[PDB]
Amino acid sequence: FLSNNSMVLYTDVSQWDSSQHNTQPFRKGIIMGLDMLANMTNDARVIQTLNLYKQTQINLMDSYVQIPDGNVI
Amino acid sequence: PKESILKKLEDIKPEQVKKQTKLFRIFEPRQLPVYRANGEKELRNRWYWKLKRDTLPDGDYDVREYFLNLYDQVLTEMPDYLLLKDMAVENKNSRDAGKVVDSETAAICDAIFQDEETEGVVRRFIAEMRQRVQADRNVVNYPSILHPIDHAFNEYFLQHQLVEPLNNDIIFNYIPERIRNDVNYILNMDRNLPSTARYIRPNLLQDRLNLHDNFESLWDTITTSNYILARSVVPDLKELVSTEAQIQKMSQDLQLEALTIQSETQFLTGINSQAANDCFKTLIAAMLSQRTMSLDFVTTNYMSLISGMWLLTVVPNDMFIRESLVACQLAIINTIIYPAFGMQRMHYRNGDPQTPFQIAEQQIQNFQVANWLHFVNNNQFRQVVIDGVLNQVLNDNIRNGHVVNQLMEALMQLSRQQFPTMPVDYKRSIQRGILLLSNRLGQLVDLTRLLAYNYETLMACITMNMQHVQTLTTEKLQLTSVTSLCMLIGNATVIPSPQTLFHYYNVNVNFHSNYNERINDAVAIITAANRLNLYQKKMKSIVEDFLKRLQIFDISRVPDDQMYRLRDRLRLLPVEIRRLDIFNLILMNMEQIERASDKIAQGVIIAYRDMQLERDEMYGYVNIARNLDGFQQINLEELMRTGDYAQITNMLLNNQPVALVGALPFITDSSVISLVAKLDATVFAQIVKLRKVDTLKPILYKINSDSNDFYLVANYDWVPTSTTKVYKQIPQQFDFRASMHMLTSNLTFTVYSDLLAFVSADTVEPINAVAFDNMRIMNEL
Amino acid sequence: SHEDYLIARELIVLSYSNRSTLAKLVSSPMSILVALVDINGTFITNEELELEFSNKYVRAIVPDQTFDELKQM
């Protein structure tokens with residue numbers, strides 16, 4: 001698509017892992033998308049595997065990490 | 001290196017616009033002491049015009065060589081636009097605060113005001129020397145002091161400028177008419193320019209050299225340049241049908257074996273997407289630059305021959321070279337057509353004047369296949385002149401795509417024939433090959449309409465006169481890669497974006513103006529070095545320079561004889577009107593710049609009889625003959641050219657009156673005893689002893705009051721008399737009240753160069769893009 | 001080559017003390033220097049992923065603040 005009237009826009013996000021656009025609105029955009037898929041089906045199994053994939057997002061909403069240094073953890 | 005011929009085309013800038021910063025001057029005033037009629041020195045001075053940097057060479061031929069070098073200097077000094085508010089210095093001593101037009105003009109105003117012997121009527125004339133500015137019509141009147149030769153050179157730079165006004169209704173007329181009136185392109189603008197905006201228009205007039213006529217090694221490298229530039233403009237195909245989803249569909253109709261689709265039949269060879277884009281580029285770019293194409297194919301391929309019936313029915317036959325158009329037309333007859341009806345195969349020998357598609361429309365009897373075979377023979381470019389540019393258009397049944405409905409009515413009946421000469425396995429391989437085109441009847445009317453729209457549009461961006469002449473080297477077209485375009489295209493329309501049309505147009509303007517501004521710089525020296533009678537200068541070094549400023553040409557390739565044929569056409573052309581009137585102004589007074597010099601003298605007259613010295617107010621007594629009458633002339637230029645010193649030896653020994661004529665150096669003295677001892681007649685004795693006349697230095701006496709032993713003249717009553725005298729002129733007097741001139745120009749311009757940097761164009765949605773008729777291109781599902 | 005010897009002498013002497021910020025300073029201006037080189041002929045791809053060769057000419061446009069950043073690097 002390269003020509004003399006166009007431009008390419010490559011951006012280097014520095015800390016992608018811990019930015020503010022990734023903590024609350026990213027885990028609540030997936031959870032809201034699995035509730036519009038619990039009304040589209042009729043099996044009792046497909047509601048269950050869409051509820052367990054939802055359960056891994058509420059638990060990772062407030063996650064603690066463990067880093068050892070010296071004597072303390 | 002085809003990536004370096006293209007970089008020589010985007011590196012051609014428009015012509016370097018020059019504005020002059022100082023006035024063109026060739027004379028300057030100078031103070032000289034004056035002497036009265038007796039010889040005594042007056043206690044006053046007077047101003048005389050003198051030459052500025054008077055470097056005149058000796059000999060009558062080197063003075064003609066000097067004015068061709070002066071004519072080059074004035075031609076590289078004339079401005080394209082001139083504003084007199086730039087060159088303006090404050091006048092030092094006036095009635096009010098005024099401005100003269102040059103710094104040299106203010107120097108010789110201050111040098112006359114602060115003088116001691118200058119009379120008051122000149123000193124009062126500098127006080128009333130100021131400018132007048134009109135505001136409703138933006139003109140100014142700046143005074144000057146110039147020589148009347150300098151007044152002619154500096155007024156011609158003012159009345160003849162290369163600037164024209166600029167509006168918004170004249171930017172839209174810069175765009176070509178086939179693109180501005182197109183439906184698919186929407187054209188916008190942002191700013192409206194003022195009334196003081198000016199612009200310089202290029203000279204787009206067609207080539208007067210006729211480089212396509214007998215210059216076949218210069219036309220081949222000037223149409224390769226337009227072939228690479230047209231290849232970087234035509235758009236490339238996106239949204240082609242994928243290759244693996246096309247061969248697998250094509251391998252069900254031919255009923256091939258498993259795993260050996262490439263070895264069982266040679267139908268499916270060289271079908272890529274790289275060769276689909278390559279063939280669409282090299283068919284559009286070969287017609288826009290008139291490079292002759294050439295076909296390569298293998299006769300064992302029955303699919304490269306059916307898709308080779310589509311080129312000859314769409315592309316006109318005068319573009320393919322004849323040794324390969326015949327070998328492609330013959331292989332279709334001996335394989336597809338003549339074994340289909342069952343007749344005998346063609347006995348075609350080399351050098352026959354008729355092509356095999358022109359014999360075989362007489363020996364064939366079917367009606368549907370003799371109409372297609374008739375349109376192939378009578379398919380030709382129709383030369384029409386549009387917007388002053390002869391460009392060759394296609395037929396009206398190829399822009400529509402109606403010709404494919406004549407092709408696939410011919411090979412729809414040729415698939416119907418039963419032929420007895422060939423076995424049942426030769427019938428089944430052609431009948432299945434000819435079916436893959438008839439299944440693409442919809443997507444080849446949409447392909448003929450797409451070549452004829454990306455060639456109608458890019459033809460509107462060229463300015464040079466495209467002429468159709470067979471070239472030396474042919475740009476190669478593989479017939480395999482036409483098969484990979486017929487059965488790989490999809491229903492997606494590509495049309496070139498207008499930021500490419502505005503750039504393909506702006507390269508063709510910068511090359512067509514660089515071409516024309518190098519003809520006019522070489523006609524103007526060739527015609528000037530024949531009017532000035534330069535019989536010894538050879539013109540090989542002013543056409544070798546002309547081929548070099550054109551950026552695409554090579555010098556180490558062209559011979560000597562292809563450079564002296566190009567200057568036999570550079571003479572017959574008329575010179576430009578701006579270059580002629582700056583040369584007729586040199587030639588009219590080329591004997592007033594030569595005669596007003598001190599490093600030269602116009603030949604000696606000798607008479608062996610005592611004649612009186614002519615008294616001037618600047619030389620005292622001087623032996624000067626202002627006119628040369630009553631004496632035999634001997635031209636020195638015709639004496640050094642032939643070397644025949646028999647006439648001048650028999651006349652110097654016999655003591656006869658001669659008048660030698662030529663541009664000659666001289667020495668001066670001031671003694672009086674140098675005149676009584678007659679040191680003027682002893683110079684020409686050397687010509688008899690040694691044949692050479694290049695060593696000749698006559699004596700010019702100058703008996704002033706400050707000369708030593710002048711009391712010999714004032715005491716005894718005698719006027720000084722000499723034997724010989726020099727043909728010399730007297731410098732003009734500097735009148736301050738008659739040399740002022742009011743130079744008129746404008747106040748304010750604003751000169752623009754790139755006019756299409758103001759518009760902002762945009763394409764319509766490419767699924768709705770209409771052809772020359774009402775309907776859209778690529779409409780059939 | 002001689003160009004490979006002048007690079008290897010600075011990455012052997014300076015690497016004996018500077019174990020933190022040497023591989024970052026040298027590999028920094030490569031994201032900038034790929035935006036200054038002109039295009040004369042390119043490889044492109046179709047919509048389905050198949051190769052094509054296209055020989056357009058695209059001029060490289062760079063603002064005056066990139067060269068005031070490349071001078072800082």
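All of the numbers you see were taken from the coordinates with simple rules; none came from a lab. Methodologically, a virtual Cβ is constructed for each residue, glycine included, from the backbone with ideal geometry; neighbour enumeration extends over all protein chains shown.
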_Of all residues making up the stretch B:652-695, the number that are closer than 15 Å to B:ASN623 by Cβ and touching a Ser or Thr at 6+ places or on another chain (Cβ under 6 Å)_ = 3
*Qualifying positions in the stretch B:290-304 - crowded, with 22+ Cβ neighbours inside 10 Å and either aliphatic (A, V, I, L, M) or part of a helix (DSSP H, G or I) (or both)*: B:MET303, B:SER304
*Sort out which residues of the stretch B:250-265 are without any contact (Cβ under 8 Å) to a residue 24 or more places away in the chain and either within 14 Å of chain C (Cβ to nearest Cβ) or among the hydrophobic types (A, V, I, L, M, F, W, C) (or both), and write them in order of number.*
B:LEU256, B:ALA258, B:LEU259, B:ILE261
*Filter the stretch B:177-211 for residues that are farther than 25 Å from B:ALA761 by Cα and out of contact with any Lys or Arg (no Cβ under 9 Å at 6 or more places or on another chain) and give the result.*
B:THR196, B:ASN203, B:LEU205, B:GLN206, B:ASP207, B:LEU211
*Scan of the stretch A:2-34 for residues that are of a type in the set (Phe, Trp, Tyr) and within 14 Å of chain B (Cβ to nearest Cβ), ordered by number*: none
_One residue is enough: does the stretch B:387-402 have a residue meeting the conditions out of contact with any strand residue (DSSP E or B) (no Cβ under 9 Å at 6 or more places or on another chain), aliphatic (A, V, I, L, M), part of a helix (DSSP H, G or I) and buried (at least 16 other Cβ atoms within 10 Å of the Cβ)?_
yes
_Restricting to the stretch B:231-246, and then to whatever is in contact with a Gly (Cβ under 7 Å, 6 or more places away or on another chain) and facing chain C (nearest Cβ under 7 Å), can you tell me which residue is nearest to B:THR493 (Cα to Cα)?_
B:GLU239
*In the stretch B:581-617, how many residues are loosely packed, with under 15 Cβ neighbours inside 10 Å and under 27 Å from B:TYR66 (Cβ atoms)?*
9
*State whether the residues of the stretch B:426-433 include one that is of a type in the set (D, E, K, R) and within 24 Å of B:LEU325 (Cβ to Cβ).*
no
*Subset tally (residues that are in contact with a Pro (Cβ under 7 Å, 6 or more places away or on another chain) and surrounded by fewer than 16 Cβ atoms within 10 Å (Cβ to Cβ)) for the stretch B:729-749*: 1
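Identify the residue in the stretch B:210-230 that is acidic (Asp, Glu) and assigned to a loop (DSSP other than H, G, I, E, B) and, among all such residues, is farthest from the other protein chains (Cβ to nearest Cβ).
B:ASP213
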*asked:* I'd like to verify a number: residues in the stretch B:527-560 that are of a type outside the set (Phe, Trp, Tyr), crowded, with 18+ Cβ neighbours inside 10 Å, assigned to a helix (DSSP H, G or I) and without any contact (Cβ under 8 Å) to a residue 60 or more places away in the chain, how many?
replied: 1
*Tell me which residues, restricted to the stretch B:107-157, are within 19 Å of B:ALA738 (Cβ to Cβ), in a helix (DSSP H, G or I) and among the small types (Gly, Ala, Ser).*
B:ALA111, B:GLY120, B:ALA127, B:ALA152
*Which one of B:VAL101, B:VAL63 is out of contact with any strand residue (DSSP E or B) (no Cβ under 8 Å at 6 or more places or on another chain) and crowded, with 17+ Cβ neighbours inside 10 Å?*
B:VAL63
*When you go through (1) out of contact with any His (no Cβ under 8 Å at 6 or more places or on another chain); (2) outside any strand (DSSP E or B) one by one for B:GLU361, which number turns out not to apply?*
(1)
*Give B:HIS151, B:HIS147 a once-over and let me know the one that is closer than 24 Å to B:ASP80 by Cβ and touching a residue at least 40 places away in the same chain (Cβ under 8 Å).*
B:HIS151
*The lone exception for B:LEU268 - which of (1) more than 14 Å from chain C (Cβ to nearest Cβ); (2) in contact (Cβ under 8 Å) with a residue 40 or more places away in the chain; (3) within 51 Å of the chain's Cα centre (by Cα) it fails*: (2)
_Which numbered condition B:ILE634 misses (of (1) in contact with a strand residue (DSSP E or B) (Cβ under 6 Å, 6 or more places away or on another chain); (2) within 22 Å of B:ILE730 (Cα to Cα))_ = (2)
_Would you confirm whether or not the stretch B:205-216 contains a residue that is in contact (Cβ under 8 Å) with a residue 40 or more places away in the chain, exposed (fewer than 15 other Cβ atoms within 10 Å of the Cβ), touching a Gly at 6+ places or on another chain (Cβ under 9 Å) and among the hydrophobic types (A, V, I, L, M, F, W, C)?_
yes
*Scanning the stretch B:674-700 for residues that are within 17 Å of B:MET640 (Cα to Cα) and among the charged types (D, E, K, R), which turns out nearest to the chain's Cα centre (by Cα)?*
B:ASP694
*Can C:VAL13 be described as without any contact (Cβ under 8 Å) to a residue 60 or more places away in the chain and surrounded by 10 or more Cβ atoms within 10 Å (Cβ to Cβ)?*
yes
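Restrict the check to the stretch A:42-52 and report whether at least one residue is in a loop (DSSP other than H, G, I, E, B) and either within 14 Å of chain B (Cβ to nearest Cβ) or in contact with a helix residue (DSSP H, G or I) (Cβ under 9 Å, 6 or more places away or on another chain) (or both).
Looking for residues that are in a loop (DSSP other than H, G, I, E, B) and either within 14 Å of chain B (Cβ to nearest Cβ) or in contact with a helix residue (DSSP H, G or I) (Cβ under 9 Å, 6 or more places away or on another chain) (or both), one finds none in the stretch A:42-52, hence no.
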*Considering each of B:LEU23, B:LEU6, B:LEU56 in turn, give the residue that is of a type in the set (A, V, I, L, M, F, W, C), in a loop (DSSP other than H, G, I, E, B) and within 14 Å of chain C (Cβ to nearest Cβ).*
B:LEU6
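Residue-by-condition table, conditions (1) without any contact (Cβ under 8 Å) to a residue 24 or more places away in the chain; (2) among the charged types (D, E, K, R):
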position	(1), (2)
B:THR355	no, no
B:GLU361	yes, yes
B:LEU390	no, no
B:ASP396	yes, yes
B:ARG399	no, yes
B:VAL404	no, no
B:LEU411	no, no
B:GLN417	no, no
_Pick from the stretch B:710-724, criterion closer than 16 Å to B:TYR35 by Cβ and surrounded by 13 or more Cβ atoms within 10 Å (Cβ to Cβ), ranking: nearest to the chain's Cα centre (by Cα)_ = B:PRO720
*Conditions: (1) under 19 Å from B:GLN20 (Cβ atoms); (2) surrounded by fewer than 19 Cβ atoms within 10 Å (Cβ to Cβ); (3) in contact with a helix residue (DSSP H, G or I) (Cβ under 6 Å, 6 or more places away or on another chain); (4) not charged (D, E, K, R). B:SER94 meets all but one. Number of the miss?*
(1)
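Mind listing whichever residues of the stretch B:561-573 are surrounded by 11 or more Cβ atoms within 10 Å (Cβ to Cβ), out of contact with any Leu (no Cβ under 9 Å at 6 or more places or on another chain) and either on the phi > 0 side of the Ramachandran plot or part of a loop (DSSP other than H, G, I, E, B) (or both)?
Those that are surrounded by 11 or more Cβ atoms within 10 Å (Cβ to Cβ), out of contact with any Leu (no Cβ under 9 Å at 6 or more places or on another chain) and either on the phi > 0 side of the Ramachandran plot or part of a loop (DSSP other than H, G, I, E, B) (or both): B:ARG565, B:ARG567, B:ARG571.
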